[PDB]
Structures are given as C-alpha cells and as structure tokens.
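One structure is given here, and the rest of the page talks about it.
Reminder, nothing fancy here: chain letters follow the sequence lines and each chain counts from 1.
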Amino acid sequence: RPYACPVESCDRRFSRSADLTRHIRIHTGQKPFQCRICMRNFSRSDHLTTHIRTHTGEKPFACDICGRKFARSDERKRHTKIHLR
DNA sequence: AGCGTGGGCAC
DNA sequence: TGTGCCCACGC
Ligand SMILES: [Zn+2]
Ligand SMILES: [Zn+2]
Ligand SMILES: [Zn+2]
C-alpha cells in the first residue's frame, strides 16, 4: 500500500491512489452528489442512487424464499438467512 | 428493519 | 477518472 492518507490524525493506506482520492472526501467534507427530491448531499454517486429508492419505493431485490423485496442487495442478503433453521 | 456510508475493485 | 457493484459495519 504505497498511498497513505496525508491527514495527520488518519492512518489509512491504499493500494490505488484513486481510492485515496475517494477517501479524502471524508476529511474535506466534500459531498458532490445531491438528491433532487430532499436536497441532501452525499459523498458518492452509488450511495445517492440507493438513497433515492427510499423516496420512490423501488425495491429490486426479492427474497428467493418468501418474495419480500428490498431496496439493496445487501439488505436482501441479511434477510435470506432468517429462513435458516 | 431501514439505510447511511466506508473499503475493495471491476470495467 | 467516473460509474456502480459486493461486502461489511454502524446506528
Ligand atoms: Zn484519511
Ligand atoms: Zn433524498
Ligand atoms: Zn424471505
């Protein structure tokens, strides 16, 4: 990991500089992506997309066992295991 | 549960 | 780099 975060209080190191560039947003407080519905700002475009589903009710991920739908794949993943014994 | 949000990284 | 997934933790 050649790329160290230059912020004094931070000890994170990255394999790729582009990842350090994304990381630095934490320290600069930069949130370039805004939700046009509630005007909230987010650090990443991926997180803005899933956030928008909280407004639209879009839930693309259905449980294979019971059909319950979720906005995110990881939510469905956390859910499916409840069907275990 | 609902969902913010960082880290890894494919493309 | 931008875009956007998986994974994982947190409240
Ligand atoms: Zn840092
Ligand atoms: Zn919003
Ligand atoms: Zn289910």
Checklist line | Counterpart residues, side-chain hydrogen bond (donor to acceptor under 3.5 Å, both in side chains), relative to A/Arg16 (two or more places apart) | finding: A/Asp19
Margin query: Suppose clustering is done on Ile, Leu, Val, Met, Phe, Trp and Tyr with side-chain heavy atoms closer than 4.5 Å. Which residues sit in the same group as A/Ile52?
Written below: A/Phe33, A/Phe42, A/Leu48
Item checked: For A/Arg53, salt bridge (charged side-chain N to carboxylate O under 4.0 Å, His left out) partners two or more places apart -> A/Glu58
Note to self: Regarding A/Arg68, tell me which of base, sugar-phosphate or nothing describes its non-hydrogen contacts under 4.0 Å with the strands shown.
What the structure shows: sugar-phosphate
At a cut-off of 3.5 Å, list every protein nitrogen or oxygen paired with a nitrogen or oxygen from nucleotides 7-10 of chain C, distance to 0.1 Å.
{"unit_1": "C/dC7", "atom_1": "OP2", "unit_2": "A/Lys77", "atom_2": "NZ", "d": "2.8"}
{"unit_1": "C/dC7", "atom_1": "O5'", "unit_2": "A/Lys77", "atom_2": "NZ", "d": "3.4"}
{"unit_1": "C/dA8", "atom_1": "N6", "unit_2": "A/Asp74", "atom_2": "OD2", "d": "3.3"}

Note to self: To the closest 0.5 Å, what do you measure between NE2 (A/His79) and SG (A/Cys66)?
What the structure shows: 3.5 Å
Check: How close or far is atom P of C/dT3 from atom CZ of A/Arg16, stated in whole angstroms?
Finding: 18 Å
Margin query: Both A/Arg40 and A/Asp46 contact DNA chain B. Which one's nearest nucleotide lies toward the 5' end?
Written below: A/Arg40
Check: By side-chain contact (heavy atoms from CB on, under 4.5 Å), which residues pair with A/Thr54, not counting sequence neighbours?
Finding: A/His51
Checklist line | Selection residues 59-71 of chain A - residue pairs positive for salt bridge (charged side-chain N to carboxylate O under 4.0 Å, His left out), sequence neighbours left out | finding: none
Next item on the list: Taking ring pair (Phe, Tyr, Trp, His ring centres under 6.0 Å) as the test, write out the residues that go with A/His47, two or more places apart.
Entry: none
Item checked: With A/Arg22 via side-chain hydrogen bond (donor to acceptor under 3.5 Å, both in side chains) - residues at least two apart -> none
Checklist line | Qualifying residues under side-chain contact (heavy atoms from CB on, under 4.5 Å), relative to A/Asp46, sequence neighbours excluded | finding: A/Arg44
Note to self: What contact category does A/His79 fall into here, base, sugar-phosphate, or nothing, at under 4.0 angstrom with non-hydrogen atoms?
What the structure shows: nothing
Check: Partners of A/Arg72 by side-chain hydrogen bond (donor to acceptor under 3.5 Å, both in side chains), sequence neighbours excluded?
Finding: A/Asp74
Note to self: Expected output is a numbered-order residue list: members of residues 18-26 of chain A with a heavy atom under 4.0 Å from any atom of DNA chain B. What is it?
What the structure shows: A/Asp19, A/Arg22, A/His23, A/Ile26
Item checked: Where chain A begins and ends its contact with DNA chain B, read 5' to 3' at 4.0 Å from heavy atoms -> B/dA1 to B/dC9
